[PDB]
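The structure under discussion appears below in the form of structure tokens.
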Amino acid sequence: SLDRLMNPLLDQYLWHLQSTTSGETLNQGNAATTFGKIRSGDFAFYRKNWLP
Amino acid sequence: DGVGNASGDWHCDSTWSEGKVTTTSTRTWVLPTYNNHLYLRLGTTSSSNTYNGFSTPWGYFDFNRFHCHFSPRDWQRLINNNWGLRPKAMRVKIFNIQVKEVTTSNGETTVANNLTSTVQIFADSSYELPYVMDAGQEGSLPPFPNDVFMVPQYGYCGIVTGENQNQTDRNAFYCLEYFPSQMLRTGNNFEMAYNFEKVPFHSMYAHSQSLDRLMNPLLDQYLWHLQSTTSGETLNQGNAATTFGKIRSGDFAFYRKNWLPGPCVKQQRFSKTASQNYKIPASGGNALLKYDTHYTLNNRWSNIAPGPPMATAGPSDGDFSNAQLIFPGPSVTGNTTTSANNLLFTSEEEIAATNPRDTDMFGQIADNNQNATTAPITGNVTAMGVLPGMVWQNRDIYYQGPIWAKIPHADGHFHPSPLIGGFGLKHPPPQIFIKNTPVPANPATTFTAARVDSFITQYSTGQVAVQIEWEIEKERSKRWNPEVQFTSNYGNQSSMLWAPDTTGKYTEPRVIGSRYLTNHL
Amino acid sequence: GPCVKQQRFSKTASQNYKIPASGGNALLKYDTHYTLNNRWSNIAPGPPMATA
Amino acid sequence: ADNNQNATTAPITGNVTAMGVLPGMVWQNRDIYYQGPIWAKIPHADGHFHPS
Amino acid sequence: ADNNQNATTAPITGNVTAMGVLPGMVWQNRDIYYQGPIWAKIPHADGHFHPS
Amino acid sequence: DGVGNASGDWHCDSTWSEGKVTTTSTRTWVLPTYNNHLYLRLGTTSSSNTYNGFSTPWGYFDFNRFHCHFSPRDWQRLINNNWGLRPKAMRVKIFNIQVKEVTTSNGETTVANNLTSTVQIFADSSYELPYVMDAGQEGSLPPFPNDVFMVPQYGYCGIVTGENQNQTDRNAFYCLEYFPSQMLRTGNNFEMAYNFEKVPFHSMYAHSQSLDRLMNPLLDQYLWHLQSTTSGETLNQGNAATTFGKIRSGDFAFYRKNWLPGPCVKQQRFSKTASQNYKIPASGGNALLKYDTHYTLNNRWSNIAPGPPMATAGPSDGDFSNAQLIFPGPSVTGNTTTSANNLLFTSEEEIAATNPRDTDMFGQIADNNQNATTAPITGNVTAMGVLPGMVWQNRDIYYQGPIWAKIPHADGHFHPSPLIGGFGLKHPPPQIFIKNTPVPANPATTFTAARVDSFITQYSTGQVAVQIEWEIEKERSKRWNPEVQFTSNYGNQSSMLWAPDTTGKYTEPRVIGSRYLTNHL
Amino acid sequence: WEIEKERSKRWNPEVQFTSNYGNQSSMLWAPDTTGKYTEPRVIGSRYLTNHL
Amino acid sequence: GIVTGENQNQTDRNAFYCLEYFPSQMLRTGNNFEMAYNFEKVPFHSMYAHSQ
């Protein structure tokens with residue numbers, strides 16, 4: 001697949017915004033922006049060179 | 001050649017010529033034994049994170065970032081003096097191999113060097129293996145030549161059908177031992193050479209002109225246009241006469257133009273101030289993944305990340321989108337932060353001349369045909385493909401970012417440039433694979449046909465040198481006033497930036513791109 | 001071929017919806033335009049398309 | 001995304017039914033069959049995109 | 001089509017006002033006139049599509 | 001050459017040419033010290049299991065299976081595109097030798113590499129030693145290139161007289177040290193080459209025609225026959241007139257034919273459903289060995305196993321005989337199972353065109369000469385030798401099965417093809433023998449003439465490469481409709497078949513033969 | 001015609017086009033008892049896998 | 001063709017041969033056909049009886 005072209009073992013050196021609030025429910029939480037590194041196992045957020 | 005004879009020398013320099021720069025860099029690596037010498041299949045069933053693949057005993061050299069090959073001064077010489085850059089040739093050496101056996105006894109580990117052990121190395125020139133080197137991941141050479149790095153483990157995914165892990169009959173297994181390799185002892189050394197295919201220069205420059213301004217501000221067009229359908233400044237009131245007029249200077253927005261701005265995929269905009277954002281979860285019924293712009297590939301969401309090149313907010317601006325790459329700053333605990341000031345944000349805003357803004361629409365288009373009864377309706381263009389007579393500017397290359405990517409093998413590709421950055425290549429620099437050859441432990445005296453599990457614990461270290469020839473364009477501008485340069489403005493610092501600190505740690509304080517010198521459309 | 005739709009105007013003045021030349025609602029707003037760096041510009045002619 | 005969210009406004013997204021080609025886009029052609037056509041004549045025109 | 005119909009849901013379609021180029025698309029360029037421009041300068045940029 | 005210089009490289013690939021394929025494979029081996037460096041005679045007095053022989057300090061390389069030299073994709077290229085296969089040349093290298101001394105002290109073992117130790121290697125080109133390599137036994141290269149295997153110990157039987165162990169004056173002892181060898185230290189490497197003698201292509205194909213159907217279905221023969229001796233459909237009643245008739249089409253069973261089916265040795269048939277079999281012991285007064293078809297050689301029973309090629313039940317059928325080879329399946333605890341579904345059964349049913357079925361008779365033959373008084377008697381043919389004008393098809397070669405065998409040295413042989421499978425060779429690939437040279441331990445200071453028992457405990461490991469050139473026939477058929485192919489139909493799998501699993505284990509899920517493409521008689 | 005030979009390092013077996021039709025009263029891909037010839041299946045060209 | 005058991009039905013092993021799929025020679029009343037063939041060495045048939 002295109003979206004799978006990565007190495008499944010490694011992590012990217014790229015970061016991303018994970019959430020704007022704490023909790024699993026929308027429009028409720030502590031309203032803090034959480035940034036994180038893009039770790040392996042969560043590919044959907046990988047930065048990709050190509051498009052479908 | 002010999003045990004006590006060094007198989008290579010340390011070479012790290014850049015050498016600048018008239019139209020070319022040749023950068024060489026040498027590093028020290030350490031290669032562990034991965035997976036106890038044996039392949040392992042990988043997979044997990046996740047809604048969009050679903051993957052399947054294979055992790056291998058092998059490991060590989062990732063040369064793809066710019067700061068591997070450049071220092072911060074060499075990067076400054078390049079971007080301040082030059083309009084364009086492209087790679088030409090590449091050469092790699094792996095030498096001074098040392099294999100170490102370790103012994104855990106009495107609760108302590110001792111390391112001895114096993115002189116008859118070998119290491120296996122091959123480069124895949126025929127691109128027969130899955131190419132993971134362009135994925136934008138870790139495991140490349142350190143920026144700083146004194147650092148020693150660990151060779152990353154090799155692994156690859158496979159075609160995922162739907163949201164289920166399970167493989168089908170289309171999935172391939174690649175055995176690395178089924179290539180020819182070169183086996184190296186401490187006297188032996190590895191070498192290879194590579195030639196880049198002709199590729200357009202990356203454009204290192206910004207435009208000093210907008211598209212919609214390409215005209216002569218003094219003159220008028222010979223073209224006319226409909227100015228209004230009624231008299232007055234208020235809508236749906238007036239004398240209902242169609243007024244035509246010539247297009248005079250001073251009212252450019254109505255000029256007839258030969259060209260169009262580049263394509264758009266709109267992004268969702270986020271404020272760096274936490275109170276200024278709508279509260280969204282990281283995972284749950286409503287993910288932040290849902291609300292970002294994504295594509296559905298075979299029932300699997302994936303972000304468009306960065307996506308097509310589009311103008312972005314400035315690096316210091318109080319808002320960002322996924323069109324901007326994000327690097328860790330100088331001080332980060334790692335893997336998480338609650339503040340954007342720790343992060344270093346990329347900005348494409350230099351391309352705002354030819355390109356639409358990531359968080360803003362391409363334009364607005366009429367949704368109907370008006371008449372006396374029906375008022376005109378227009379609507380926003382969030383996503384727009386390419387059109388005839390459309391121009392755009394590519395995303396910038398950074399000092400911390402990827403040099404190239406492999407163009408996927410497919411029956412069609414449009415403007416094959418990598419959306420993260422760099423140089424699209426059909427035959428990119430080949431992946432070089434390395435593993436420690438297994439040394440069995442003490443076998444049983446009788447015979448058994450089961451494969452031998454027990455192994456001598458080993459690792460190897462050595463030296464690797466990379467040499468890339470680059471090709472550069474000298475700026476040729478008749479501009480009078482001074483151009484913007486990349487300078488160190490950091491001012492008074494307790495500890496020098498772009499240098500090791502009191503504790504020896506080296507970090508990169510800033511994100512630096514290639515676009516400073518202006519040029520005109 | 002590709003399309004960018006245009007707004008249609010009748011040469012008979014009574015047959016058009018009354019729109020100002022400049023003001024809160026410009027004729028510039030209701031024509032198909034592109035936003036380049038917070039600046040509207042008509043698509044003029046635009047991609048080739050059959051015409052009356 | 002169809003809007004720009006803030007504390008007051010929840011994010012809105014919308015479906016892409018039709019999409020043109022973009023820079024950095026890859027695709028695979030339709031397959032040839034045993035019962036199907038071998039070739040076609042590219043129409044004579046001033047432009048054609050990926051003439052397959 | 002804007003949806004997938006079933007016994008319960010009637011089919012919905014919607015208008016395409018703007019469309020990019022697609023594989024297997026053909027178009028004709030705008031005509032040259034006696035009063036009009038002969039040429040233009042292609043802007044200097046990393047990409048251009050059908051530079052006319 | 002040197003300690004720190006590798007004496008060979010890793011080469012594993014197949015290279016396909018127009019009429020030939022050349023497969024290379026490299027493996028890593030480990031060689032223990034066997035029998036404490038000393039020959040030992042073997043024997044046991046058993047009713048039919050009686051044997052006698054010698055086990056040797058030496059060990060040897062067994063190259064004979066197809067999956068040593070082929071991958072599952074290469075095996076698919078071969079059998080789907082080709083009618084025939086035969087080996088042409090062979091080449092062997094043994095390199096990267098490493099000898100390790102081990103030390104047991106304080107209840108823990110430490111391994112060091114002894115650089116001055118040697119290993120001895122010779123190939124027996126003159127076939128002077130007993131050749132055990134074709135016996136269909138274990139100890140060959142693994143199928144999967146990442147596996148490391150243990151070199152099997154060498155041993156040989158001798159002529160057994162009756163059911164008694166005891167040797168007679170005919171029995172030979174062979175001392176391996178009485179050949180010239182090559183002694184190798186870590187810098188040294190071994191190499192040899194071999195040429196196969198001209199041998200008929202194995203036929204990779206099935207017949208699209210039966211023997212008894214070779215006629216033209218439209219026409220009639222010009223030959224007549226006796227249709228009946230009486231009128232009516234009931235036996236021993238009628239008008240007692242001999243009716244002769246022409247042989248018309250539509251009644252083929254009476255056609256006069258030029259050829260006959262192949263030989264038979266009937267086998268006993270067993271049902272895979274345990275309740276559907278007659279209860280027989282494994283050992284006792286009535287063995288299952290007694291009730292299977294066996295031959296008595298010098299008062300010793302031995303199964304006919306598989307025996308002459310004969311059509312068999314399908315691999316999935318609910319019955320089997322000893323004419324079918326049996327391989328362990330993907331999941332087996334080993335050495336025993338109570339279910340046939342765990343096992344992978346071979347089937348020859350493709351040869352049912354020319355060959356009689358293993359569990360069914362060759363035919364029936366008249367046992368008397370009838371007259372008005374005596375009714376005709378016929379009887380079953382369980383075993384049939386070859387006859388003039390007889391045709392048969394050989395047993396198929398498999399991916400897991402033997403490549404060749406050594407034709408015994410004797411004054412006569414008929415159709416020298418191995419009944420397990422493969423290529424009968426008078427001078428097969430020579431056995432290559434390897435042992436660790438003994439290193440004595442600390443001797444006494446005074447002199448004693450007793451041989452020295454005490455030895456340094458050692459083992460060696462290294463790399464072995466095998467290259468076989470093969471010769472292939474391209475299918476040349478005018479058949480219209482599509483032929484059967486070997487495909488992966490396995491469907492949706494949690495874990496890919498023909499690949500390592502999550503735990504790294506590699507198994508072979510299926511038995512695959514060479515016969516897919518049809519041909520006609 | 002001009003053809004490319006597959007050049008893959010794939011280990012496990014690839015999918016092939018085979019006749020799986022099984023036991024048939026009348027052979028497929030051949031004339032029937034009445035002489036009529038039809039094509040039973042649609043067959044495309046894509047079986048061998050390759051990687052992006 | 002190969003018959004499996006006592007049942008008529010074909011299996012996937014059965015072949016169909018189309019004679020029109022060979023090259024032929026087409027002959028009108030003026031045309032003629034010719035061919036030549038060589039027997040491979042074979043033992044003489046023994047025309048005789050034994051007197052012993």
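We name chains A, B, ... following the order of the structure tokens; residues begin at 1 in each chain, and ligands are numbered from 1 as shown.
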Please extract the residues of range 244-297 of chain F with a backbone DSSP assignment of helix (DSSP H, G or I) and present them as an mmCIF file with C-alpha atoms, in the first residue's frame.
data_model
loop_
_atom_site.group_PDB
_atom_site.id
_atom_site.type_symbol
_atom_site.label_atom_id
_atom_site.label_comp_id
_atom_site.auth_asym_id
_atom_site.auth_seq_id
_atom_site.Cartn_x
_atom_site.Cartn_y
_atom_site.Cartn_z
ATOM 1 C CA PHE F 252 -13.782 -49.371 -26.807
ATOM 2 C CA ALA F 253 -13.113 -51.917 -24.039
ATOM 3 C CA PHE F 254 -12.869 -54.533 -26.813
ATOM 4 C CA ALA F 274 -9.564 -44.814 12.534
ATOM 5 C CA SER F 275 -12.855 -46.667 12.999
ATOM 6 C CA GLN F 276 -12.812 -47.743 9.344
ATOM 7 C CA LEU F 288 1.597 -54.373 10.669
ATOM 8 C CA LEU F 289 4.927 -55.172 8.998
ATOM 9 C CA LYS F 290 3.638 -58.660 8.222
ATOM 10 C CA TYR F 291 0.420 -57.483 6.577
#
(message) Would you pick out the contacts of residue 6 in chain D at 6 Å or less, using only C-alpha atoms, so that residues sharing its chain but fewer than 2 positions from it are not included, and give the list as a VMD selection string?
(response) (chain B and resid 276 to 278) or (chain D and resid 8 to 9)
Could you write those residues out with C-alpha atoms, as a PDB file, in the first residue's frame?
ATOM      1  CA  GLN B 276      -8.114  29.369  21.648  1.00  0.00           C
ATOM      2  CA  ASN B 277      -8.787  25.888  20.204  1.00  0.00           C
ATOM      3  CA  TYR B 278     -11.920  23.785  20.217  1.00  0.00           C
TER       4      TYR B 278
ATOM      5  CA  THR D   8     -16.866  28.639  19.863  1.00  0.00           C
ATOM      6  CA  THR D   9     -17.060  26.757  16.544  1.00  0.00           C
TER       7      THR D   9
END
Least-squares superpose chain D on chain E across all ordered C-alpha pairs, then write out what you get as a short mmCIF file (atom, residue, chain, number, x, y, z; two decimals) with N, CA, C and O atoms, in the first residue's frame.
data_model
loop_
_atom_site.label_atom_id
_atom_site.label_comp_id
_atom_site.auth_asym_id
_atom_site.auth_seq_id
_atom_site.Cartn_x
_atom_site.Cartn_y
_atom_site.Cartn_z
N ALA D 1 -22.68 11.22 -7.81
CA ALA D 1 -23.42 10.65 -6.69
C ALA D 1 -22.84 11.12 -5.36
O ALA D 1 -21.63 11.05 -5.14
N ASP D 2 -23.70 11.61 -4.48
CA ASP D 2 -23.29 12.05 -3.16
C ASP D 2 -23.49 11.00 -2.08
O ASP D 2 -23.12 11.25 -0.93
N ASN D 3 -24.04 9.83 -2.41
CA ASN D 3 -24.30 8.83 -1.38
C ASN D 3 -24.27 7.46 -2.02
O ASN D 3 -23.89 7.30 -3.19
N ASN D 4 -24.66 6.45 -1.25
CA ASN D 4 -24.87 5.09 -1.72
C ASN D 4 -26.31 4.72 -1.39
O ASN D 4 -26.67 4.64 -0.21
N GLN D 5 -27.13 4.51 -2.41
CA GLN D 5 -28.54 4.32 -2.16
C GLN D 5 -28.78 2.92 -1.60
O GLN D 5 -27.94 2.03 -1.70
N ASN D 6 -29.94 2.76 -0.98
CA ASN D 6 -30.45 1.46 -0.61
C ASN D 6 -31.97 1.55 -0.70
O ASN D 6 -32.52 2.57 -1.10
N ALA D 7 -32.65 0.46 -0.32
CA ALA D 7 -34.10 0.48 -0.33
C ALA D 7 -34.66 1.65 0.47
O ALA D 7 -35.69 2.22 0.10
N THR D 8 -33.98 2.03 1.55
CA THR D 8 -34.47 3.12 2.39
C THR D 8 -34.10 4.49 1.83
O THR D 8 -34.92 5.41 1.84
N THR D 9 -32.87 4.65 1.33
CA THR D 9 -32.33 5.95 0.97
C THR D 9 -32.35 6.15 -0.53
O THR D 9 -31.78 5.34 -1.27
N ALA D 10 -32.97 7.23 -0.98
CA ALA D 10 -32.98 7.56 -2.40
C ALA D 10 -31.62 8.10 -2.82
O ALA D 10 -30.90 8.69 -2.02
N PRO D 11 -31.25 7.92 -4.09
CA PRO D 11 -29.94 8.40 -4.54
C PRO D 11 -29.89 9.91 -4.60
O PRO D 11 -30.86 10.57 -4.98
N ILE D 12 -28.74 10.46 -4.22
CA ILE D 12 -28.49 11.89 -4.25
C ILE D 12 -27.28 12.13 -5.14
O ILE D 12 -26.26 11.45 -5.01
N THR D 13 -27.41 13.10 -6.04
CA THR D 13 -26.30 13.52 -6.87
C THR D 13 -26.09 15.01 -6.66
O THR D 13 -26.96 15.71 -6.12
N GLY D 14 -24.93 15.50 -7.07
CA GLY D 14 -24.64 16.91 -6.90
C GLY D 14 -23.75 17.47 -7.98
O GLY D 14 -23.01 16.73 -8.63
N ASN D 15 -23.80 18.78 -8.16
CA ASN D 15 -23.20 19.40 -9.33
C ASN D 15 -21.70 19.53 -9.16
O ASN D 15 -21.20 19.77 -8.06
N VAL D 16 -20.97 19.37 -10.26
CA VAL D 16 -19.54 19.63 -10.27
C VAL D 16 -19.33 20.98 -10.93
O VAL D 16 -19.43 21.10 -12.16
N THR D 17 -19.03 21.99 -10.12
CA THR D 17 -18.72 23.33 -10.59
C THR D 17 -17.27 23.49 -11.00
O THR D 17 -16.99 24.17 -11.99
N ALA D 18 -16.35 22.89 -10.26
CA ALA D 18 -14.93 22.98 -10.56
C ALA D 18 -14.35 21.58 -10.60
O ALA D 18 -14.62 20.77 -9.71
N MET D 19 -13.56 21.30 -11.63
CA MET D 19 -12.98 19.97 -11.77
C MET D 19 -11.56 20.12 -12.29
O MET D 19 -11.34 20.84 -13.26
N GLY D 20 -10.62 19.44 -11.65
CA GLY D 20 -9.25 19.41 -12.13
C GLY D 20 -9.12 18.44 -13.28
O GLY D 20 -10.10 17.88 -13.77
N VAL D 21 -7.89 18.24 -13.73
CA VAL D 21 -7.68 17.27 -14.80
C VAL D 21 -7.67 15.87 -14.20
O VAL D 21 -7.32 15.68 -13.03
N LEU D 22 -8.08 14.91 -14.99
CA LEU D 22 -8.17 13.50 -14.64
C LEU D 22 -7.41 12.72 -15.69
O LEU D 22 -7.18 13.22 -16.80
N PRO D 23 -6.98 11.50 -15.38
CA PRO D 23 -6.39 10.66 -16.42
C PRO D 23 -7.41 10.40 -17.51
O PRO D 23 -8.59 10.18 -17.23
N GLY D 24 -6.96 10.45 -18.75
CA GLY D 24 -7.87 10.24 -19.86
C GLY D 24 -8.82 11.39 -20.09
O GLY D 24 -10.00 11.17 -20.39
N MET D 25 -8.34 12.62 -19.96
CA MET D 25 -9.12 13.82 -20.16
C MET D 25 -8.53 14.59 -21.32
O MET D 25 -7.31 14.65 -21.48
N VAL D 26 -9.39 15.17 -22.16
CA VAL D 26 -8.94 15.92 -23.32
C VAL D 26 -9.65 17.26 -23.31
O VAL D 26 -10.77 17.39 -22.83
N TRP D 27 -8.98 18.27 -23.85
CA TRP D 27 -9.56 19.60 -23.90
C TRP D 27 -8.92 20.35 -25.06
O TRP D 27 -7.92 19.92 -25.62
N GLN D 28 -9.54 21.46 -25.42
CA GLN D 28 -9.07 22.31 -26.50
C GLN D 28 -8.70 23.67 -25.93
O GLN D 28 -9.39 24.18 -25.05
N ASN D 29 -7.61 24.25 -26.42
CA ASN D 29 -7.15 25.54 -25.93
C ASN D 29 -8.04 26.67 -26.43
O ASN D 29 -8.77 26.54 -27.41
N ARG D 30 -7.96 27.79 -25.74
CA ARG D 30 -8.64 29.00 -26.17
C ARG D 30 -8.04 29.51 -27.47
O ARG D 30 -6.85 29.33 -27.75
N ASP D 31 -8.88 30.16 -28.26
CA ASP D 31 -8.52 30.58 -29.60
C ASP D 31 -7.67 31.85 -29.57
O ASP D 31 -7.74 32.64 -28.63
N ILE D 32 -6.86 32.03 -30.60
CA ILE D 32 -6.11 33.26 -30.79
C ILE D 32 -6.93 34.19 -31.66
O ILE D 32 -7.66 33.74 -32.55
N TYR D 33 -6.84 35.48 -31.40
CA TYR D 33 -7.64 36.45 -32.12
C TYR D 33 -6.73 37.37 -32.90
O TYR D 33 -5.50 37.31 -32.79
N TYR D 34 -7.33 38.24 -33.69
CA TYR D 34 -6.54 39.17 -34.47
C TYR D 34 -6.12 40.35 -33.61
O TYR D 34 -5.07 40.95 -33.85
N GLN D 35 -6.91 40.67 -32.60
CA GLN D 35 -6.64 41.77 -31.69
C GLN D 35 -5.94 41.33 -30.42
O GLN D 35 -5.68 42.17 -29.56
N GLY D 36 -5.64 40.05 -30.26
CA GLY D 36 -5.19 39.54 -28.99
C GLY D 36 -3.71 39.26 -28.93
O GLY D 36 -2.98 39.43 -29.91
N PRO D 37 -3.24 38.78 -27.78
CA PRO D 37 -1.80 38.62 -27.57
C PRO D 37 -1.23 37.44 -28.33
O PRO D 37 -1.89 36.41 -28.50
N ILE D 38 0.01 37.58 -28.78
CA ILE D 38 0.66 36.48 -29.47
C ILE D 38 1.22 35.47 -28.48
O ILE D 38 1.04 34.26 -28.64
N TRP D 39 1.92 35.93 -27.45
CA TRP D 39 2.63 35.03 -26.55
C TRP D 39 2.44 35.46 -25.11
O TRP D 39 1.78 36.46 -24.80
N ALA D 40 3.05 34.69 -24.21
CA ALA D 40 3.20 35.05 -22.82
C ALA D 40 4.45 34.38 -22.29
O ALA D 40 4.96 33.42 -22.87
N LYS D 41 4.95 34.90 -21.18
CA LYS D 41 6.10 34.34 -20.51
C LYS D 41 5.64 33.35 -19.45
O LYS D 41 4.87 33.72 -18.55
N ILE D 42 6.08 32.11 -19.56
CA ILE D 42 5.75 31.13 -18.52
C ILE D 42 6.46 31.53 -17.23
O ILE D 42 7.69 31.70 -17.24
N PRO D 43 5.74 31.71 -16.13
CA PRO D 43 6.40 32.12 -14.89
C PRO D 43 7.48 31.13 -14.50
O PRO D 43 7.45 29.96 -14.86
N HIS D 44 8.46 31.62 -13.76
CA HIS D 44 9.60 30.80 -13.37
C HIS D 44 9.25 30.19 -12.03
O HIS D 44 9.20 30.88 -11.02
N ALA D 45 9.01 28.88 -12.03
CA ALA D 45 8.48 28.20 -10.86
C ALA D 45 8.79 26.73 -10.99
O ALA D 45 9.07 26.23 -12.08
N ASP D 46 8.71 26.02 -9.87
CA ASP D 46 9.06 24.61 -9.88
C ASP D 46 8.01 23.74 -10.54
O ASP D 46 8.32 22.59 -10.87
N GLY D 47 6.82 24.24 -10.79
CA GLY D 47 5.89 23.47 -11.60
C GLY D 47 4.89 24.31 -12.34
O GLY D 47 4.49 25.39 -11.90
N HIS D 48 4.46 23.78 -13.49
CA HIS D 48 3.52 24.39 -14.41
C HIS D 48 2.76 23.26 -15.07
O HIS D 48 3.36 22.24 -15.41
N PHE D 49 1.46 23.42 -15.27
CA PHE D 49 0.68 22.40 -15.94
C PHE D 49 0.11 22.94 -17.24
O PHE D 49 -0.63 23.93 -17.23
N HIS D 50 0.44 22.28 -18.33
CA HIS D 50 -0.02 22.62 -19.67
C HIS D 50 0.20 24.11 -19.88
O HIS D 50 -0.75 24.89 -19.87
N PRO D 51 1.44 24.53 -20.05
CA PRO D 51 1.76 25.95 -19.97
C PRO D 51 1.17 26.75 -21.12
O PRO D 51 1.92 27.26 -21.95
N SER D 52 -0.15 26.88 -21.17
CA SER D 52 -0.60 27.73 -22.24
C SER D 52 -1.33 28.93 -21.64
O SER D 52 -2.06 28.78 -20.66
#
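Here the question is which of B:209, B:24, B:161, B:109 gets nearest to chain A using only C-alpha atoms, and that residue is B:161.
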(message) List the spatial neighbours of residue 521 in chain F as a VMD selection string - criterion: any atom at most 8 Å away, only C-alpha atoms, same-chain residues fewer than 3 positions off excluded.
(response) chain F and resid 207 to 211 214
Selection from above, C-alpha atoms, as an mmCIF file, in the first residue's frame, can you write it?
data_model
loop_
_atom_site.group_PDB
_atom_site.id
_atom_site.type_symbol
_atom_site.label_atom_id
_atom_site.label_comp_id
_atom_site.auth_asym_id
_atom_site.auth_seq_id
_atom_site.Cartn_x
_atom_site.Cartn_y
_atom_site.Cartn_z
ATOM 1 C CA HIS F 207 -1.013 -37.036 -19.478
ATOM 2 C CA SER F 208 -4.107 -35.627 -21.109
ATOM 3 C CA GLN F 209 -4.813 -39.072 -22.604
ATOM 4 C CA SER F 210 -5.365 -42.559 -21.242
ATOM 5 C CA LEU F 211 -3.668 -45.545 -22.870
ATOM 6 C CA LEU F 214 -5.557 -43.661 -27.682
#
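The coordinates place CA of residue 129 in chain F at 15.9 Å from CA of residue 425 in chain F.
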